[PDB]
Structure formats: C-alpha cells, structure tokens
Amino acid sequence: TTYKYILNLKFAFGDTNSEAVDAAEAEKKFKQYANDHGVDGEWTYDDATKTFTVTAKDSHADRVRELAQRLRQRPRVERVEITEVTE
C-alpha cells in the first residue's frame, strides 16, 4: 500500500587535487523538474565528487513516471537511475 520513490545521481571526475565541488547544477536542475511536475523530496550528499542521492515522495504514479521517463534518457554528467523502496 505504501511505496516510496528514490532517484540516484552519480558525480565523479578524473582529478588528483580536489578543492571545488559542483552542487548548483544538480540542485537547480532537480528542483526545476520536480517543481514543474509536482514531486516533493529531500537532497542528500554522499562523499566529495563520488555519489549523490535524492528522495522522491509522490501521491500519484503519473508524476514519478513522467519525472523518471524525462530524466533517464542520456547520461553525460551524472548517472540517473530510479528504484522503488518499501518497508
């Protein structure tokens, strides 16, 4: 009866020294697509330049199907994957 959606985003670069981090492009793009379709969730950081997790909570299966189909098309900057979790 109760189901929750979770989107995964992978971010990594081939550098030796790390000082700067990119979070404005992933937070502005995820907030634009989620606020345009109607998806409420939370953001979570996983290590510096490695992995990025994001939670997605919706009532209807139309907003999570349009967000998962329009986001997962062609990966270039981050890996976009969708998985359903249940308790």
# chains A, B, ... in the order shown; residues from 1 in each chain; ligands from 1
>>> residues_around(residues="residue 51 (chain A)", least_positions_apart="4", cutoff="8 Å", atoms="only C-alpha atoms", output="PyMOL selection string")
chain A and resi 9-12+45-47
>>> write_last_selection(atoms="C-alpha atoms", output="PDB file, in the first residue's frame")
ATOM      1  CA  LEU A   9      22.681  10.623  -9.317  1.00  0.00           C
ATOM      2  CA  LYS A  10      26.384   9.793  -9.731  1.00  0.00           C
ATOM      3  CA  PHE A  11      29.002  12.570  -9.943  1.00  0.00           C
ATOM      4  CA  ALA A  12      32.752  11.904 -10.377  1.00  0.00           C
ATOM      5  CA  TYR A  45      25.263  14.384  -0.207  1.00  0.00           C
ATOM      6  CA  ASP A  46      27.454  11.261  -0.434  1.00  0.00           C
ATOM      7  CA  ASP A  47      31.248  11.947  -0.301  1.00  0.00           C
TER       8      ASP A  47
END
>>> residues_around(residues="residue 54 (chain A)", least_positions_apart="2", cutoff="8 Å", atoms="only C-alpha atoms", output="count of residues only")
10
>>> closest_residue(among="A:75, A:49, A:1, A:85", to="residue 20 (chain A)", atoms="only C-alpha atoms")
A:49
>>> closest_residue(among="A:63, A:57, A:31, A:50", to="residue 77 (chain A)", atoms="only C-alpha atoms")
A:50
>>> select_by_dssp(residues="chain A", states="strand (DSSP E or B)", output="list in words")
residues 4, 5, 6, 7, 8, 9, 10, 40, 41, 42, 43, 44, 45, 46, 51, 52, 53, 54, 55, 56, 57, 79, 80, 81, 82, 83, 84 and 85 of chain A
>>> closest_residue(among="A:81, A:19, A:40, A:87", to="residue 55 (chain A)", atoms="only C-alpha atoms")
A:40
>>> closest_residue(among="A:25, A:48, A:53, A:66", to="residue 79 (chain A)", atoms="only C-alpha atoms")
A:53
>>> atom_distance(atom1="CA of residue 69 (chain A)", atom2="CA of residue 82 (chain A)")
9.6 Å
>>> closest_residue(among="A:15, A:22, A:67, A:62", to="residue 35 (chain A)", atoms="only C-alpha atoms")
A:67
>>> closest_residue(among="A:80, A:71, A:21, A:61", to="residue 33 (chain A)", atoms="only C-alpha atoms")
A:71
>>> residues_around(residues="residue 65 (chain A)", least_positions_apart="5", cutoff="12 Å", atoms="only C-alpha atoms", output="list in words")
residues 5, 7, 34, 37, 38, 39, 56, 58, 59, 60, 70, 71, 72, 82, 83 and 84 of chain A
>>> select_by_dssp(residues="chain A", states="alpha helix (DSSP H)", output="list in words")
residues 24, 25, 26, 27, 28, 29, 30, 31, 32, 33, 34, 35, 36, 37, 63, 64, 65, 66, 67, 68, 69, 70 and 71 of chain A
>>> atom_distance(atom1="CA of residue 24 (chain A)", atom2="CA of residue 68 (chain A)")
20.7 Å
>>> decode(residues="region 30-58 of chain A", atoms="C-alpha atoms", output="tab-separated table (two decimals), in the first residue's frame")
chain	number	residue	atom	x	y	z
A	30	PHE	CA	16.42	18.63	-9.92
A	31	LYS	CA	14.40	21.49	-8.32
A	32	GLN	CA	13.18	22.69	-11.76
A	33	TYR	CA	11.97	19.26	-13.00
A	34	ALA	CA	10.49	18.26	-9.59
A	35	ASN	CA	8.69	21.61	-9.03
A	36	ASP	CA	7.38	21.59	-12.64
A	37	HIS	CA	5.92	18.04	-12.41
A	38	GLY	CA	4.98	18.12	-8.71
A	39	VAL	CA	7.40	15.93	-6.72
A	40	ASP	CA	8.36	16.60	-3.08
A	41	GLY	CA	11.56	15.07	-1.68
A	42	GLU	CA	14.91	15.74	0.04
A	43	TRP	CA	18.56	16.13	-1.01
A	44	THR	CA	21.50	14.13	0.40
A	45	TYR	CA	25.26	14.38	-0.21
A	46	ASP	CA	27.45	11.26	-0.43
A	47	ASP	CA	31.25	11.95	-0.30
A	48	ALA	CA	33.12	14.65	-2.28
A	49	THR	CA	32.82	14.02	-6.08
A	50	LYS	CA	31.52	10.41	-6.00
A	51	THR	CA	27.77	9.84	-5.35
A	52	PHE	CA	24.61	11.95	-4.84
A	53	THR	CA	21.29	10.61	-3.51
A	54	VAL	CA	17.86	12.26	-3.70
A	55	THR	CA	14.49	11.23	-2.18
A	56	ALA	CA	11.21	11.50	-4.12
A	57	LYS	CA	7.78	11.42	-2.44
A	58	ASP	CA	4.60	11.50	-4.56
